[PDB]
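The structure appears below as structure tokens.
Residue numbers (the entry's author numbering): 2 to 62, 82 to 142, 155 to 422.
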């Protein structure tokens, strides 16, 4: 029976000796429901997972002149200067003169067009990035289903109307647990928004002073966060996460559309595609009414750019059927007069230690899964708190 083959396949370690169809199937069932996309996944086959992530920061502090409002007035022909990490060269004496624009950046942008200044890259270069490698213990979550094997057995027989419901039920329970761990870690790890007084005297309120509109105010907020992202790290947000209220209807008024076009590329795990384009995942179960904007990017086949790293455990490719089986397993619950069902769920789930640990020697004192320490600084994700009506 399904339940049985699942127990006996789950008992064997190293999934390369014998094929395990029920488990592969159940793994495929589970992985379809996990919000992988919003985390930097790195499979692991060790009791301790090895993570790798890249990140940078504005250094330097010829001493290239940083551009300021009163700095631009002294620049002469041949002077070097930099703005937003990019260094320019002056082609004419005292530029920005004929430029009436009062906004610094804007002025500099039309300064580029008028050939007044020019970008500069004219011989060894510093590190523009920094690969970090750390380790966290892969956790072993044990979930009591309450389902006796007895039921799970007659459930097959008494289930002509819903063939592999057992599979769906389980896949659903493991996925939910991990999706919970993820959403939870992102809310705890992600940074806040710093717009004039911690988002103008408390993290933006859009209720009392707001009509039941199409929720434009919210969407605008999201765009600014996407900019603020590449503005502090050139990578380009890839995802969004919101509340069930803040998204299921609020932004769902012209700015969120459940699937733009028939299979136009979007995981059915994503609530809807945003007017902006980046996919949005609905939290539904978190008591916040908040929105988070992050990026999960990769170099090659490895996803090294993320707020949260996910390392499901693996016992190796089924080798009978190409599939990493190990992260999910079914066991028996020994705490019951009637044998129940237990789901073994193994995976690491860390943050980048180096989001706080300055030196490499400090990294072996603080842990990435130390959700207490990582709380606050991530940069690759930003959370916005929201207050809505009823």
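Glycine residues also receive a C-beta, built at the ideal position from the N, C-alpha and C atoms.
Touch test, the stretch 94-113 against the stretch 188-200, Cβ-Cβ under 8 Å, three pairs minimum: The stretch 94-113 vs the stretch 188-200: no contact.
Sorted by chain position, which residues of the same chain lie with C-beta nearer than 6 Å to residue 2's C-beta, five sequence neighbours on each side aside? Taking the chain shown and counting its residues from 1, one reaches residue 2 at position 1. Same-chain partners within the cutoff: 185 and 188.
For residue 255, list the residues DSSP reports as bridge partners. For the purposes of this step, residue 255 is identified with residue 223 of the chain shown, where counting begins at 1. According to DSSP, residue 255 bridges with nothing at all.
Within 10 angstroms of its Cβ, does residue 12 collect 16 or more other Cβ (buried), or is it exposed? Here residue 12 refers to the residue found at position 11 when the chain shown is read from its first residue. When all chains shown are included, residue 12 counts as exposed.
Among the candidates 419, 9, 27 and 7, whose CA atom is the shortest distance from the CA of residue 247? On the chain shown, residue 247 is found 215 positions in, with the first residue counted as 1. Selected option, being the one with the closest Cα: 419.
Label residue 59 either buried or exposed according to how many other C-beta atoms from any shown protein chain fall within 10 Å of its C-beta, with 16 as the threshold for buried. Taking the chain shown and counting its residues from 1, one reaches residue 59 at position 58. Exposed is the call here.
Around the C-beta of residue 240, are 16 or more other C-beta atoms found within 10 angstroms, so that it is buried, or is it exposed? One-based indexing of the chain shown puts residue 240 at position 208. Under this definition residue 240 is an exposed residue.
According to the Cβ coordinates, are residue 214 and residue 373 closer than 8 Å? By one-based count along the chain shown, residue 214 stands at place 182. By one-based count along the chain shown, residue 373 stands at place 341. Not in contact: residue 214 and residue 373 (Cβ atoms no closer than 8 Å).
Whole angstroms is fine: what's the gap from residue 4's alpha carbon to residue 198's? Along the chain shown, read from residue 1 onward, the residue named residue 4 stands at position 3. Along the chain shown, read from residue 1 onward, the residue named residue 198 stands at position 166. Cα-Cα distance, rounded: 8 Å.
First and last residue of the uninterrupted alpha helix (DSSP H) at residue 374: Within the chain shown, the letter at position 342 stands for residue 374. Unbroken run through residue 374 is the beta strand (DSSP E), 372-383; no alpha helix (DSSP H).
Excluding five sequence neighbours on each side, which residues of the same chain lie with their C-beta closer than 8 Å to the C-beta of residue 400? For the purposes of this step, residue 400 is taken as residue 368 along the chain shown, with counting starting at 1. Answer for residue 400: 52, 166, 168, 341, 382, 383, 384, 385 and 406, listed in chain order.
Three-state secondary structure (DSSP) at residue 344? To locate residue 344, count along the chain shown from 1; it is residue 312. In the structure shown, residue 344 sits in a strand (DSSP, three-state: E or B).
Just curious, the beta strand (DSSP E) that residue 360 is in, first and last residue? In the chain shown, counting from the first residue as 1, residue 360 sits at position 328. Its beta strand (DSSP E) spans residues 360-365.
Contact defined as beta carbons within less than 8 Å: I believe residue 162 pairs with residue 55. What is the distance between those atoms, to the nearest angstrom? Translated into the one-based positions of the chain shown, residue 162 becomes position 130. Translated into the one-based positions of the chain shown, residue 55 becomes position 54. With 8 Å as the limit, residue 162 and residue 55 qualify as a contact, their Cβ atoms being about 6 Å apart.
Hey, quick one: how far does the beta strand (DSSP E) through residue 22 stretch, first residue to last? Position 21 of the chain shown holds residue 22. Note, residue 22: premise wrong, no beta strand (DSSP E); alpha helix (DSSP H) at 22-32.
Rounded to whole angstroms, what is the Cα-Cα separation between residue 334 and residue 43? Taking the chain shown and counting its residues from 1, the one referred to as residue 334 is at position 302. Taking the chain shown and counting its residues from 1, the one referred to as residue 43 is at position 42. Each residue's Cα considered, the two are about 7 Å apart.
Would you list the one or two residues that DSSP bridges to residue 86? Indexing the chain shown from 1 puts residue 86 at position 66. BP columns for residue 86 point to 102.
Taking Cβ to Cβ, would you say residue 414 is nearer than 8 Å to residue 223? Here residue 414 refers to the residue found at position 382 of the chain shown. Here residue 223 refers to the residue found at position 191 of the chain shown. In contact: residue 414 and residue 223 (Cβ atoms closer than 8 Å).
Helix, strand or coil: which one does DSSP assign to residue 263? As a position in the chain shown, residue 263 is number 231, starting the count at 1. Residue 263 falls in the helix class under three-state DSSP.
Should residue 339 and residue 202 be called a contact, given that it needs their Cβ atoms to be closer than 8 Å? The sequence position of residue 339 within the chain shown is 307, counting from 1. The sequence position of residue 202 within the chain shown is 170, counting from 1. Result no, Cβ atoms of residue 339 and residue 202 do not sit closer than 8 Å.
Leaving aside the five residues before and after residue 489 along the sequence, list all residues of the same chain whose C-beta is less than 8 Å from its C-beta, in chain order. Since the displayed the chain opens at 2 and closes at 422, residue 489 lies outside it and no answer follows.
Taking Cβ to Cβ, would you say residue 288 is nearer than 8 Å to residue 310? Residue numbering aside, residue 288 sits at position 256 when the chain shown is read from its first letter. Residue numbering aside, residue 310 sits at position 278 when the chain shown is read from its first letter. No, these two residues do not count as a Cβ contact at 8 Å.
Those residues which DSSP pairs with residue 166 across a bridge: On the chain shown, position 134 is the one that residue 166 refers to. Per DSSP, 52.
Taking 8 Å as the cut-off, decide whether the C-beta atoms of residue 35 and residue 156 are in contact. Residue numbering aside, residue 35 sits at position 34 when the chain shown is read from its first letter. Residue numbering aside, residue 156 sits at position 124 when the chain shown is read from its first letter. No.
Taking a contact to mean a Cβ-Cβ separation below 8 Å, would you say residue 408 touches residue 235 in this structure? Position 376 of the chain shown, counted from the start, is the residue given in the question as residue 408. Position 203 of the chain shown, counted from the start, is the residue given in the question as residue 235. In this structure, residue 235 does not lie closer than 8 Å to residue 408 by Cβ.
Restricting to Cα atoms, I'd like to know which of 225, 264, 23 and 254 is closest to residue 282. In the chain shown, the residue the question calls residue 282 occupies position 250. The shortest C-alpha separation from residue 282 is found at 254.
For the stretch 85-93 against the stretch 268-284, are there 3 or more C-beta pairs whose distance is under 8 Å? no
Sequence-distant residues of the same chain with beta carbon closer than 7 Å to residue 231, five excluded per side: To locate residue 231, count along the chain shown from 1; it is residue 199. The residues are 225.
Could you have a look at residue 5 and say whether DSSP puts it in helix, strand or coil? For the purposes of this step, residue 5 is taken as residue 4 along the chain shown, with counting starting at 1. In this structure, residue 5 counts as helix in the three-state DSSP scheme.
Helix, strand or coil for residue 177, going by three-state DSSP, please let me know. As a first step, residue 177 must be located in the chain shown, where it is residue number 145. Residue 177 falls in the strand class under three-state DSSP.
Can you tell me whether residue 336 is helix, strand or coil according to DSSP? Counting from one through the chain shown, the residue named residue 336 turns up at place 304. Here residue 336 sits in strand by DSSP.
Give me the residue from 371, 390, 96 and 301 with the minimum Cα distance to residue 181. Numbered from its first residue, the chain shown carries residue 181 at position 149. Of the listed residues, the one whose Cα sits closest to residue 181 is 371.
Between which residues of its own chain and residue 330 is the CB-CB distance below 7 Å, once the five residues before and five after are set aside? For the purposes of this step, residue 330 is taken as residue 298 along the chain shown, with counting starting at 1. Answer for residue 330: 336 and 337, listed in chain order.
Going by beta carbon distance, what residues of the same chain come within less than 7 Å of residue 284, once the five residues before and after it are set aside? In the chain shown, residue 284 corresponds to position 252, counting from 1. Contacts found: 304.
Is it buried or exposed, residue 297, if we count other Cβ atoms within 10 angstroms and call 16 or more buried? As a working mapping, residue 297 is identified with position 265 in the chain shown. When all chains shown are included, residue 297 counts as exposed.
Apart from the five residues just before and just after residue 347, which ones in its own chain have a Cβ nearer than 7 Å to its Cβ? For the purposes of this step, residue 347 is taken as the residue at position 315 of the chain shown. If we look at residue 347 and ignore the five residues flanking it on each side, its Cβ neighbours are 14, 15, 16, 357 and 358.
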